[PDB]
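First comes one chain, alone, set out as structure tokens in the form deposited in one PDB entry.
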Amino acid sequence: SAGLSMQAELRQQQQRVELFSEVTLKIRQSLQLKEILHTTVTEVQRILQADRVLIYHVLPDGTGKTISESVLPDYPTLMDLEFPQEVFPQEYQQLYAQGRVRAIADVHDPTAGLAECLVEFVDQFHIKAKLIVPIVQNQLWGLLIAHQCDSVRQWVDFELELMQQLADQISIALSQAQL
């Protein structure tokens, strides 16, 4: 007789082929999502003519890392850098989860009210001006951030509004698609 391979090793291999098809699609989806986020920060940097645009991801214990960045070559890269909770306190992570935004024309202007240690931190990256909008899943997932490094910058309301609208679509992706 015969047919022993059909319901043994050939059907085993067939399940493995179907799972391989599915795992390669899932990895391509991870690549495509990171490409869309990368294209978004690079295009926002070009369109704003900002010196840096990045996506900062916070973990539940409030530590963080830059997951996407576009930076002009005259200024430091935040891509590889991990930071503790103290650079962005959990009390403020909660205010961002509840929709806090900031548009700071001049981080060195005392009336902007920034912690001395925070002014020192943003100085590490040659930051003069910063625009900050949250990405949520509400729990904070991260920040979409624009920096000016060459000069102080009076941010315009539409820049803040449309940065928020981009971050809100990142929030939907990270939530409704469960991506």
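In case it trips you up, residue 1 is the first one in the sequence shown, and so on. Here, rigid core means the biggest group of C-alpha atoms that superpose within 1.5 Å across both forms.
Heads up, the form deposited in another entry isn't pictured, but that's what we're talking about next.
Rigid-core-referenced C-alpha movement of 2 Å or more between the shown form and the other one, selected from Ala97, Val87, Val107, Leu72: Flagged residue: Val87.
Core-superposed comparison between the shown form and the other one, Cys117 Cα displacement 2 Å or beyond: It does, since the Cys117 C-alpha is displaced 2 Å or more between the shown form and the other one after the core fit.
Direction of C-alpha distance change in that other deposited form, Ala97 to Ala115 (at least 3 Å): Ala115 and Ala97 sit closer together in that other deposited form.
Cα separation of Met163 and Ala115 in that other deposited form versus here, shift of 3 Å or more: So the answer is closer.
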